[PDB]
Structure formats: C-alpha cells, structure tokens
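Engineer: Below is a structure I'd like to ask you about.
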Amino acid sequence: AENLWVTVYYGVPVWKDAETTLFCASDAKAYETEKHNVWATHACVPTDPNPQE
Amino acid sequence: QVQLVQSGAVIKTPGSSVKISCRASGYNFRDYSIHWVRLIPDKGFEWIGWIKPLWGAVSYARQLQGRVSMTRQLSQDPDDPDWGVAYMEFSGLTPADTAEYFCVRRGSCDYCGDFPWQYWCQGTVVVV
C-alpha cells in the first residue's frame, strides 16, 4: 500500500491563462434590422436563448 | 419597415385612362412582386394583376385584359438604390370602374405565399 502509483485524470477542472481568437455573437433582432445596414451582424453567429454562467 | 405609398384620388371621365403609382420602400424592390387589387362598392375585391420588378414581367386578370398595363421604375439614387415605383394604368373607364385601387405585397416569411398581402398602399379612390 505504501507504494503509490500515478493514475491519469481526464476532465480535471484546471486552466492556464491564455490568449486566443474569440468570436462574435449577436441576437435575431439585429438581423431583423435588415436594410443591409449593420456591420458584420450577418457573419456574426447568434446568441443563446437561455445563457448560463 | 415596408411602405407602399400611392398617388392621390382622382376624378376621371368615361373613356379616360387612369395611371396610378405605388412608391415602394423599406425593402429590396426587385425581390418581391407587387399586385394590384380594386375594392368595388357592392361587389367586393377584384384582383387586377401582378408585376415582378426584375424584368417587369406581368400577369393580368383575364377579364381585364386589354384595359390594364403595369410597369415599374427602379430608384436611380446611388445612396438609396433599393426602392422603386410600380405603376398601373387602367383604360376605357366607365362608372363601373369607380373603386378604391390598392397596390399590395406579400409577407416575407417562409410560409408566406404570393397572395396573402401583408402590406397595403393607402389606396387610391378613382371616381368615373
């Protein structure tokens, strides 16, 4: 028993500070704005109906 | 917001022709047909025809053929290029043509067909 063995874990809650490319989210009413007017609302992905933090 | 604005009411003598305009704005004018329909006192609605703004292709109610002509003009304003005007000319008028004339456009949803008219001009009264 005294002898310990390493056992690997997948799904461990730990993070390192980072930098990375993020991406945009907007809502459906932004596309309902139509009129070919808003910038990049179109290429921009939508938001969440029930956001959770 | 879609907006259809027609020319004003007019009095016409029998044998005349009337030309009604319908200024359409708030959407891409080329992308939707415009229909014309008349509401006749004591007789109800009568569909007149449609026009498709891209080529200006048209279809006229069989019973009105020979008396109706539809045309359109596309905006020539470089910073406001997407609106347009639809015109309907109705000829050989008689008192029976005394009616309120509307230009109309379908809704833009997925299940919207061609004939359910979500948008209406304010109407043009023609008295012959």
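Engineer: Which one is nearest to the other protein chains (Cβ to nearest Cβ) among residues in region B:14-30 that are within 15 Å of B:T124 (Cβ to Cβ) and loosely packed, with under 15 Cβ neighbours inside 10 Å?
Structural biologist: Among those that are within 15 Å of B:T124 (Cβ to Cβ) and loosely packed, with under 15 Cβ neighbours inside 10 Å, it is B:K19.
Engineer: A follow-up question, please. Determine whether B:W50 is in contact with a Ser or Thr (Cβ under 7 Å, 6 or more places away or on another chain), aromatic (F, W, Y) and surrounded by 16 or more Cβ atoms within 10 Å (Cβ to Cβ).
Structural biologist: yes
Engineer: Show me the strands (runs of 3 or more DSSP E) entirely contained within region B:31-128 in which 3 or more residues are farther than 15 Å from B:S17 by Cβ, among the hydrophobic types (A, V, I, L, M, F, W, C) and more than 14 Å from every other protein chain (Cβ to nearest Cβ).
Structural biologist: B:34-40, B:44-52, B:99-106
Engineer: Here is a check on your reading of the model: is A:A1 of a type in the set (A, V, I, L, M), exposed (fewer than 10 other Cβ atoms within 10 Å of the Cβ) and without any contact (Cβ under 8 Å) to a residue 24 or more places away in the chain?
Structural biologist: Answer is yes for this residue.
Engineer: Can you confirm whether B:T124 is of a type outside the set (A, V, I, L, M), in contact with a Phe, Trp or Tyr (Cβ under 7 Å, 6 or more places away or on another chain) and surrounded by fewer than 17 Cβ atoms within 10 Å (Cβ to Cβ)?
Structural biologist: It is false that B:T124 is of a type outside the set (A, V, I, L, M), in contact with a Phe, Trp or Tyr (Cβ under 7 Å, 6 or more places away or on another chain) and surrounded by fewer than 17 Cβ atoms within 10 Å (Cβ to Cβ).
Engineer: What's the total number of residues in region B:68-80 that are surrounded by 13 or more Cβ atoms within 10 Å (Cβ to Cβ) and out of contact with any helix residue (DSSP H, G or I) (no Cβ under 9 Å at 6 or more places or on another chain)?
Structural biologist: Looking only at that region, the number is 5.
Engineer: In region B:2-13, is there at least one residue being away from chain A (no Cβ under 14 Å) and either over 21 Å from B:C121 (Cα atoms) or among the aromatic types (F, W, Y) (or both)?
Structural biologist: yes
Engineer: Could you tell me whether A:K35 is part of a loop (DSSP other than H, G, I, E, B) and either within 14 Å of another protein chain (Cβ to nearest Cβ) or in contact with a strand residue (DSSP E or B) (Cβ under 6 Å, 6 or more places away or on another chain) (or both)?
Structural biologist: When the stated conditions are applied, A:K35 passes them.
Engineer: Only residues that are surrounded by 10 or more Cβ atoms within 10 Å (Cβ to Cβ) and basic (K, R): list them for region A:4-43, please.
Structural biologist: A:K35
Engineer: Identify all residues within region B:1-30 that are closer than 14 Å to A:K35 by Cα, part of a loop (DSSP other than H, G, I, E, B) and not β-branched (V, I, T); write none if there are none.
Structural biologist: Scanning region B:1-30 gives B:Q1, B:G26, B:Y27, B:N28.
No value in this document is a laboratory result; all are computed from the given coordinates. Here the Cβ is made from the backbone with ideal geometry for all residues, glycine too, and neighbour counts use every protein chain on show.
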